[PDB]
Amino acid sequence: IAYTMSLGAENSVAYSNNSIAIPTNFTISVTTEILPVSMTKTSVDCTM
Amino acid sequence: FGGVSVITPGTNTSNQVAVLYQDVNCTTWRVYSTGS
Amino acid sequence: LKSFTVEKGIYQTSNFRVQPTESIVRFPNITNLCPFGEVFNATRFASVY
Amino acid sequence: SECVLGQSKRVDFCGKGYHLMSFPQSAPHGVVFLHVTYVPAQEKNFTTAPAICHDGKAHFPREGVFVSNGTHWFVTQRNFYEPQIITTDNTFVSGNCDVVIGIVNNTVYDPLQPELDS
Amino acid sequence: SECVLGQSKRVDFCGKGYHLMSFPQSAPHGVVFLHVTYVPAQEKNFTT
Amino acid sequence: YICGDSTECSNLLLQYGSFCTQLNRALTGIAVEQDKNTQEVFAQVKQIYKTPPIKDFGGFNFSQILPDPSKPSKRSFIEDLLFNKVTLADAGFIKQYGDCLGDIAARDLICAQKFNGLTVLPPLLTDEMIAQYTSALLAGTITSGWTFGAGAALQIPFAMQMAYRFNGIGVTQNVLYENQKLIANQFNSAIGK
Ligand SMILES: *[C@@H]1O[C@H](CO)[C@@H](O[C@@H]2O[C@H](CO)[C@@H](O)[C@H](O)[C@H]2NC(C)=O)[C@H](O)[C@H]1NC(C)=O
Ligand SMILES: *[C@@H]1O[C@H](CO)[C@@H](O[C@@H]2O[C@H](CO)[C@@H](O)[C@H](O)[C@H]2NC(C)=O)[C@H](O)[C@H]1NC(C)=O
Ligand SMILES: *[C@@H]1O[C@H](CO)[C@@H](O)[C@H](O)[C@H]1NC(C)=O
Ligand SMILES: *[C@@H]1O[C@H](CO)[C@@H](O)[C@H](O)[C@H]1NC(C)=O
Ligand SMILES: *[C@@H]1O[C@H](CO)[C@@H](O)[C@H](O)[C@H]1NC(C)=O
Ligand SMILES: *[C@@H]1O[C@H](CO)[C@@H](O)[C@H](O)[C@H]1NC(C)=O
Ligand SMILES: *[C@@H]1O[C@H](CO)[C@@H](O)[C@H](O)[C@H]1NC(C)=O
């Protein structure tokens, strides 16, 4: 099947003079981030 | 004239493929096989 | 380095390259001498066509 | 350097949310960071106002924001809901109350007048 | 990440002056940031 | 490119397939990297926040940069100007064989490039999608402040957001509430300029 890609979920937000949303609870999150640091070191013999 | 690309899943899943011909309308033409 | 002086460190040289010892020849053992007189010393040759 | 040996105020640099701490781990030809962060979860709707007028002078909160239960008024912090009673050591006075747009009428409790009264 | 989704305390990173806010806009093969900042104008001499 | 439309030279060249494959692999990696770069830059947010329904931000005028629902694209005036300034060279993505054969008495660049096996691939994300992403970012940063970048988005008045930002740089928030008109006028003048 071939289709048109979606740009994520769609929603909106309420806004007025004096409407404010304040959190009451919280959550502790743990995230993984991977980073390369080095590659393999190599040597070449020209004549060989 | 004209580029050709092949869209395929893994060969361990199926053998059906799709062919994308660049710089050409389809609305015969310069295609390998019209098909459907 | 193309110089008589070398700084302190570690350098890489050529791999451990080993020289051969002797030489051998292995040809099939055939004693006959194929005819040089039936090709070059024949009495009648064919036409070019 | 910036996320393991300290705390980072840069947004979205070490994990989503508000950065709390981080842990490094090794990997073949690489490193893996475990970022521990804080995320608010349960939002609640409230009505608010920038400042209040009590005796003709505006009162602005020192830290936090004014909110309302619907009939009463409180001052609370900005990342959590801990309502507190309006009082003089939570707000500061800046001029008259006829220049600010959106001011509301409310009373302010003084923590010294009842003490002197007795 | 650091100037549109938040406020930056890094000096001279997003526009001269004290950074207040920022707006992103698209462009062919590029992006354009409009940085809104705060600049003091009228200095006055005082003894301290 | 080397000896197209020739048979003997192809047979001679069959001893350079590794080189050709390596070049093609490098180019494919370049293209994939560019697509990844665009996706990483412009897709920081995931939820497409709609544009504000009502406009009472307090005097600040955002019609200059917000999209206008009057053209087949979601581009604002600034985006339209920026698009109009720089001119592309690929000339679209479609150029049929019946068109390059049409202009044989007139010289062309793209036709000569394509006849020698040099093609240009189209980007994965179209300009409309990037405009949608930018509009979502604008809506999030206007209606909810900076809270939409850390979890869910929390509603907040714009004047209070400006007071927060002024308190961030070490200036008390009474300065804004006593000078909101002047600040809004200055911002509108700056955006017009
Ligand atoms: C805040 O959220 C957490 C989890 O979302 C709540 O913790 C749960 O509380 C109930 C009853 O105490 C337990 O059965 C669950 O196991 C807890 N969940 C976890 C992950 O530990 C907590 O109750 C909420 N706090 C408030 C005030 O609503
Ligand atoms: C907050 O309190 C003041 C004082 O009671 C109110 O100001 C009065 O408003 C009425 C009508 O606007 C005037 O007739 C009075 O002269 C005002 N009195 C003073 C001392 O200024 C004010 O209206 C109250 N705020 C609101 C929204 O009602
Ligand atoms: C070729 O033939 C002649 C006589 O028939 C002889 O003298 C001569 O030796 C021959 N040469 C060779 C290479 O056999
Ligand atoms: C705040 O206002 C909007 C509009 O009434 C409402 O949809 C929303 O649910 C309210 N916020 C919360 C946490 O209920
Ligand atoms: C709101 O909070 C105050 C303080 O506890 C309380 O007295 C009042 O009854 C509450 N009103 C409602 C509608 O919950
Ligand atoms: C709040 O916005 C609405 C609609 O624009 C308007 O009726 C009202 O006057 C505004 N109030 C304030 C304090 O801005
Ligand atoms: C402060 O001192 C210097 C020296 O008198 C003077 O030139 C300067 O104008 C004073 N600053 C202002 C804002 O006038």
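Residues numbered from 1 in each chain as written, not as in the entry; some residues may be left out. Chains lettered and ligands numbered in written order. Part of a larger assembly, values for the part shown. Heavy atoms only, no water.

As stated in the entry header, the method of structure determination is cryo-EM and the reported resolution is 3.2 Å.

### Thoughts on the overall build of chain B
For chain B, the helix and strand inventory stands at 0 helices and 2 strands. C-alpha atoms of chain B, sized along the principal axes, occupy 30 × 20 × 15 Å. Within chain B, the proportion of its 36 residues that are buried is 8%. As presented, chain B carries roughly 3,100 Å² of accessible surface, and 51% of it is formed by carbon and sulfur atoms. (Helix = DSSP H or I, 4+ residues; strand = E, 2+ residues; numbered from the N terminus. Buried < 20%, exposed > 50% of the residue type's maximum accessible area, 1.4 Å probe, protein only. Areas by Shrake-Rupley, 256 points an atom, 1.4 Å probe, with all protein chains shown as cover.)

### Some details on the overall build of chain D
Within chain D one finds 1 helix and 9 strands. For 118 residues, the compact-globule estimate of 2.2 N^0.38 gives 13 Å, and the C-alpha radius of gyration of chain D, at 21 Å, exceeds that figure by more than 25%. With the C-alpha coordinates aligned to their principal axes, the bounding extent of chain D is approximately 70 × 35 × 25 Å. Sorting the 118 residues of chain D into buried and exposed places 36% on the buried side. Put simply, of all contacts in chain D between residues at least 6 apart along the chain, 39% involve residues at least 24 apart. (Rg over C-alpha atoms; globule rule 2.2 N^0.38 Å. Contact = heavy atoms within 4.5 Å.)

### Remarks on the sheet that holds strand 8 (residues 91–96) of chain D
Residues and elements named next belong to chain D. The strand order 8-5-4-9 describes an open sheet built from 4 strands, whose pairing is mixed. Edge positions in the sheet fall to strand 8 and strand 9 (104–105), since each has one partner strand and no second. Of the strand pairs in this sheet, strand 4 (residues 52–53) and strand 9 are connected by 2 bridges, and their pairing is parallel. Each residue of the ladder has a partner; that of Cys53, found in strand 9, is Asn105. (Pairing = 2+ DSSP bridges.)

### Structural notes on the arrangement of the chains
Of all 7 pairs of chains in contact, the one with the most contacts involves chains A and D. For chain B and chain C, which are not in contact, the least C-alpha distance works out to 43 Å. The two units chain B and chain E remain apart, with a minimum C-alpha distance of 22 Å.

### What to know about the state of the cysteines
Residues and elements named next belong to chain D. For the coordinates displayed, the defined rule picks out 5 disulfides over all chains. Here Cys53 engages in a disulfide with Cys97; their sulfurs sit 2.0 Å apart. Its S-S torsion of about -50° marks the bond between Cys53 and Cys97 as left-handed, since a negative value means left-handed. One end of the pair, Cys53, is in strand 4; the other, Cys97, is in the loop between strand 8 and strand 9, with 44 residues separating them in the sequence. An identical accessibility class is assigned to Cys53 and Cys97; each is buried. (Disulfide = S-S within 2.5 Å.)

### Digging into the interface of chain A and chain D
Facing 22 residues of chain A, the contacting portion of chain D comprises 29 residues. Across the interface of chain A and chain D, roughly 2,400 Å² is buried in total on both sides, 56% from carbon and sulfur atoms. By the criterion of area lost to chain D, the three top residues of chain A are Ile20, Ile22 and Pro23 of chain A, representing 24% of everything that side buries. Remark: the boundary between chain A and chain D carries 0 salt bridges. The tally of links between chain A and chain D comes to 15 residue pairs in polar contact. (Buried area = accessible area lost by both parts, 1.4 Å probe. Salt bridge = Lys/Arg side-chain N within 4 Å of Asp/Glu carboxyl O. Polar contact = N/O pair within 3.5 Å; in protein donor to acceptor, adjacent residues only side chain to side chain.)

### With respect to the pattern of salt bridges
In this structure the tally under the stated criterion is 5 salt bridges over all chains. Notably, a salt bridge pairs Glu2 of chain D with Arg10 of chain D, separated by 2.9 Å at the nearest N-O pair. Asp80 of chain F is the salt-bridge partner of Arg75 of chain F, the closest N and O atoms lying 3.3 Å from each other. Overall, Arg75 of chain F belongs to the buried group, its relative accessible area being 17%. Linked by salt bridges that have partners in common, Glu2 and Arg10 of chain D together with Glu2 and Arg10 of chain E make up one network.

### Thoughts on the nonpolar core
Membership of the largest hydrophobic core comes to 37 residues, with the highest contact counts inside it found for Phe23 of chain E together with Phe62 and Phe158 of chain F. The set of elements that each furnish at least two residues to this core consists of strand 2 (19–23) of chain A, strand 5 (57–61) and strand 6 (65–68) of chain D, strand 1 (18–27) of chain E together with helix 6 (127–143), helix 7 (158–168), helix 8 (174–178) and helix 9 (180–192) of chain F. (Core = buried A, V, L, I, M, F, W, Y, C linked by side-chain atoms within 4.5 Å.)

### Overview of the packing of aromatic side chains
Scanning the entire structure with this criterion turns up 24 aromatic pairs over all chains. Here the aromatic rings of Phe26 of chain A and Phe80 of chain D are separated by 5.9 Å at their centres, their planes lie at 45°, and the arrangement is tilted. On the criterion of chain membership, the pair formed by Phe26 of chain A in strand 3 (residues 26–36) and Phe80 of chain D in the loop between strand 7 (73–76) and strand 8 is interchain, its members lying in two chains. Residue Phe26 of chain A is classed as partly exposed on the basis of its relative accessible area of 39%. A centroid spacing of 6.2 Å and a plane angle of 80° characterise the contact between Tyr21 of chain B and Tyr32 of chain B, whose relative ring orientation is edge-to-face. Given the relative accessible area of 68%, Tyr32 of chain B is considered exposed. Through a chain of ring-to-ring contacts, three or more aromatic side chains come together here, namely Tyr15 of chain A, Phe23 of chain E together with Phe57, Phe60, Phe62, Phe158 and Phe187 of chain F. (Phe/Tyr/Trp six-rings, centres within 6.5 Å; stacked < 30°, edge-to-face > 60°.)

### Points about a nonpolar patch on the surface
On the surface, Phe26 and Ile28 of chain A together with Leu20, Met21 and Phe23 of chain D cluster together to form a nonpolar patch covering roughly 440 Å² of accessible area. For the nonpolar patch, the secondary-structure elements that each account for two or more residues are strand 3 of chain A together with strand 1 (18–27) of chain D. With 3 residues, the top contributor of residues to the nonpolar patch is strand 1 of chain D. By secondary structure assignment, the location of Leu20 of chain D is in strand 1. (Patch = residues over 30% accessible without salt bridge, like charges linked within 9 Å, V, L, I, M, F, W, Y side chains within 5 Å.)

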